[PDB]
file upload.pdb (PDB, C-alpha atoms)
MODEL        1
ATOM      1  CA  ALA A   1     198.651 108.120  89.188  1.00  0.00           C
ATOM      2  CA  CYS A   2     195.260 106.642  90.093  1.00  0.00           C
ATOM      3  CA  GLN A   3     193.738 103.966  92.293  1.00  0.00           C
ATOM      4  CA  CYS A   4     190.249 102.614  92.881  1.00  0.00           C
ATOM      5  CA  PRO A   5     188.940 101.695  96.354  1.00  0.00           C
ATOM      6  CA  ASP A   6     188.699  98.038  95.245  1.00  0.00           C
ATOM      7  CA  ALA A   7     189.465  97.617  91.557  1.00  0.00           C
ATOM      8  CA  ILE A   8     189.494  99.166  88.094  1.00  0.00           C
ATOM      9  CA  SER A   9     186.683  97.740  85.883  1.00  0.00           C
ATOM     10  CA  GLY A  10     187.168  99.879  82.792  1.00  0.00           C
ATOM     11  CA  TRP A  11     189.180 102.434  80.851  1.00  0.00           C
ATOM     12  CA  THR A  12     188.203 105.695  79.078  1.00  0.00           C
ATOM     13  CA  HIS A  13     189.533 109.102  78.065  1.00  0.00           C
ATOM     14  CA  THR A  14     188.417 112.603  77.165  1.00  0.00           C
ATOM     15  CA  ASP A  15     188.978 113.856  73.640  1.00  0.00           C
ATOM     16  CA  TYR A  16     192.182 115.622  72.592  1.00  0.00           C
ATOM     17  CA  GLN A  17     192.313 119.411  73.087  1.00  0.00           C
ATOM     18  CA  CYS A  18     194.932 121.827  71.857  1.00  0.00           C
ATOM     19  CA  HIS A  19     197.096 123.375  74.571  1.00  0.00           C
ATOM     20  CA  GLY A  20     197.543 127.025  73.530  1.00  0.00           C
ATOM     21  CA  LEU A  21     200.850 127.482  75.319  1.00  0.00           C
ATOM     22  CA  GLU A  22     202.467 124.106  74.752  1.00  0.00           C
ATOM     23  CA  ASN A  23     201.182 124.018  71.158  1.00  0.00           C
ATOM     24  CA  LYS A  24     200.500 120.310  71.632  1.00  0.00           C
ATOM     25  CA  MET A  25     197.343 118.239  72.097  1.00  0.00           C
ATOM     26  CA  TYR A  26     196.441 116.574  75.398  1.00  0.00           C
ATOM     27  CA  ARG A  27     193.660 114.439  76.812  1.00  0.00           C
ATOM     28  CA  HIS A  28     192.815 112.936  80.184  1.00  0.00           C
ATOM     29  CA  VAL A  29     192.863 109.171  80.792  1.00  0.00           C
ATOM     30  CA  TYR A  30     190.275 107.974  83.294  1.00  0.00           C
ATOM     31  CA  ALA A  31     189.949 104.543  84.855  1.00  0.00           C
ATOM     32  CA  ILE A  32     186.417 103.399  85.664  1.00  0.00           C
ATOM     33  CA  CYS A  33     186.175 101.936  89.191  1.00  0.00           C
ATOM     34  CA  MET A  34     184.128  98.877  90.207  1.00  0.00           C
ATOM     35  CA  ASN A  35     182.173 101.161  92.528  1.00  0.00           C
ATOM     36  CA  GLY A  36     181.052 103.352  89.627  1.00  0.00           C
ATOM     37  CA  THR A  37     183.473 106.242  90.093  1.00  0.00           C
ATOM     38  CA  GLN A  38     186.084 107.470  87.633  1.00  0.00           C
ATOM     39  CA  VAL A  39     189.638 108.397  88.521  1.00  0.00           C
ATOM     40  CA  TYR A  40     191.930 110.709  86.549  1.00  0.00           C
ATOM     41  CA  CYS A  41     195.070 108.587  85.907  1.00  0.00           C
ATOM     42  CA  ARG A  42     197.278 110.456  83.462  1.00  0.00           C
ATOM     43  CA  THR A  43     197.477 113.223  80.918  1.00  0.00           C
ATOM     44  CA  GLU A  44     198.183 111.825  77.474  1.00  0.00           C
ATOM     45  CA  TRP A  45     200.023 114.149  75.092  1.00  0.00           C
ATOM     46  CA  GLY A  46     199.467 113.867  71.340  1.00  0.00           C
ATOM     47  CA  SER A  47     200.453 115.707  68.153  1.00  0.00           C
ATOM     48  CA  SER A  48     201.170 119.410  67.585  1.00  0.00           C
ATOM     49  CA  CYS A  49     198.801 122.373  67.249  1.00  0.00           C
TER
ENDMDL
END

call {"tool": "encode", "arguments": {"input": "upload.pdb", "output": "structure tokens"}}
result
Amino acid sequence: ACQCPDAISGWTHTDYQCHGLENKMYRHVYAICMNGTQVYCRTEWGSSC
């Protein structure tokens, strides 16, 4: 769920955090746009906590 005005030039993500209610780790995946912006694309879910 993300789109850049022209194109995606790169790919990054925040670090995993524990979700206190879900008891599961999540992080945010961001695409880097050609224009310099970042767009939040998905939430990645990891191991338990």

call {"tool": "resolve_selection", "arguments": {"input": "upload.pdb", "expression": "the PyMOL selection byres ((chain A and resi 6-14) around 6)", "output": "PyMOL selection string"}}
result
chain A and resi 4-5+15+27-34

call {"tool": "atom_distance", "arguments": {"input": "upload.pdb", "atom1": "atom CA of residue A:21", "atom2": "atom CA of residue A:42"}}
result
19.2 Å

call {"tool": "atom_distance", "arguments": {"input": "upload.pdb", "atom1": "atom CA of residue A:22", "atom2": "atom CA of residue A:1"}}
result
21.9 Å

call {"tool": "residues_around", "arguments": {"input": "upload.pdb", "residues": "residue A:47", "least_positions_apart": "6", "cutoff": "10 Å", "atoms": "all atoms listed in the file", "output": "compact mmCIF listing (two decimals) with C-alpha atoms, keeping the file's coordinate frame"}}
result
# COMPACT_ATOMS: atom_id res chain seq x y z
CA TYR A 16 192.18 115.62 72.59
CA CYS A 18 194.93 121.83 71.86
CA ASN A 23 201.18 124.02 71.16
CA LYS A 24 200.50 120.31 71.63
CA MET A 25 197.34 118.24 72.10
CA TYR A 26 196.44 116.57 75.40

call {"tool": "axis_aligned_box", "arguments": {"input": "upload.pdb", "around": "stretch 12-22 of chain A", "padding_each_side": "3 Å", "output": "AutoDock Vina command-line options"}}
result
--center_x 195.3 --center_y 116.6 --center_z 75.5 --size_x 20.3 --size_y 27.8 --size_z 13.2

call {"tool": "closest_residue", "arguments": {"input": "upload.pdb", "among": "A:2, A:49, A:35, A:41", "to": "residue A:17", "atoms": "only C-alpha atoms"}}
result
A:49
